[PDB]
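> Coordinates only, no sequence provided:
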Ligand code: HEM
Ligand SMILES: [F-]
C-alpha cells in the first residue's frame, strides 16, 4: 500500500484516538494479550503474584502507552521519509526484553492484540485502507526491536 499521504493521515488520526484513553486501552491491550496467551502473565512484575490484571497500576499504564506511541511514530516516519529509524531507545528496549524472558514468537501476540485494540478504538471508520496502514507500521517497527533483542542476548 506504501504509505500514501492519505494512509498516514489515517494512522495519525487513529492514534490520537488511542491516547485519548490510556487506563482503558492499556488494560484492554493486557487482557487481549492474556487471551491470545495466558502463560504470558509470569513475565510481568506487576502481574506476578497477582491473580487478575491490575486496572490502576501506574507501572502497567506507563508501560502499555509507551508501546502504542512507538507504533504510530513509526507510520509517519514511513510516509515522510519512506522508512523506520533505529535509535538508543530501541536498542535498550531490546536488552530489557531479553532480561525478562521475552522471545520473537511473542510478537504476533502483541500485533493482533494492537490491530484488535485499534479496530476497537476507530470503530466504523475502519477501512481496508486503515488496517493496511497499522499493519504496515507494526510490522515495520517489530522488525526493528526483534532486531535489537537478538543483539542483547
Ligand atoms: C512493536 C512492539 C513492542 C514495543 C514497541 C514494546 C515496548 C516496551 C517498552 C517501551 C518496555 C519498558 C517499559 C518501562 O520501562 O516502563 C517494555 C518492557 C517489557 N516488555 Fe515490551 N514492547 C513490544 C513487544 C513486546 C512483546 C511481544 C512482549 C512479550 C510478551 C513484551 C514483554 C515485556 C516485559 C516482560 C517487560 C518488563 C516489564 C517489567 O517486568 O517491569 N514486549 N516493552
Ligand atoms: F512491552
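Yes, it's here. Residues are numbered from 1 along each chain as shown. Ligands and ions are numbered 1, 2, ... in the order given.
> Go ahead and confirm residue 67 touches residue 29.
Yes. If you go by C-beta atoms under 8 Å, residue 67 and residue 29 touch, sitting 7.3 Å apart. All C-beta atoms are positioned from the backbone trio N, CA, C, and that covers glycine.
> Who has more neighbours out of the two?
For the pair residue 67 and residue 29, the greater number of neighbours falls to residue 29 (24 against 15), based on other C-beta atoms under 10 Å.
> OK, contacts around the more buried one?
Counting by C-beta atoms under 8 Å, 6 or more residues apart in numbering, residue 29 touches 64, 67, 68, 113, 114, 117.
> filter those residues by proximity to ligand 1?
Among these, the residues that sit close to ligand 1 (C-beta under 6 Å from any ligand atom) are residue 67.
> Switch the contacts of residue 29 over to TSV; also include secondary structure.
Formatted as TSV, the contacts of residue 29 follow (DSSP: H, G, I helix; E, B strand; the rest coil):
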residue	secondary structure
64	helix
67	helix
68	helix
113	helix
114	helix
117	helix
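> which SS class is the nearest residue to residue 30 once chain neighbours are set aside?
Spatial nearest neighbour of residue 30, chain neighbours left out: residue 53 (4.7 Å); criterion: C-beta to C-beta, 6 or more residues apart in numbering. When classified by three-state DSSP, residue 53 comes out as coil.
> all helices of this protein, in order?
Using DSSP state H, the helices of the chain run over residues 5-19, 22-36, 58-80, 88-99, 107-122, 128-152.
> Pull up the gap between residue 104 and ligand 1, please.
With the distance defined as C-beta to the nearest ligand atom, to the nearest Å, residue 104 ends up 8 Å from ligand 1.
> and the protein, which residues reach ligand 1?
Residues of the chain lying close to ligand 1 (C-beta under 6 Å from any ligand atom) are 40, 43-45, 62-63, 66-67, 70-71, 93, 96-97, 100, 102, 106-107, 109-110, 138, 141-142, 145.
> Buried subset of the residues you listed, written for PyMOL?
With 16 or more other C-beta atoms under 10 Å as the criterion, this PyMOL line picks the buried residues out of these:
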select buried, resi 40+44+63+70+71+93+97+102+106+107+109+110+138+141+142+145
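> Let me have the contacts of residue 29 in a markdown table, adding distance to residue 152 as columns.
Formatted as a markdown table, these follow (distance: C-beta to C-beta, whole Å):
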| residue | distance to residue 152 |
| --- | --- |
| 64 | 22 |
| 67 | 18 |
| 68 | 22 |
| 113 | 23 |
| 114 | 22 |
| 117 | 26 |
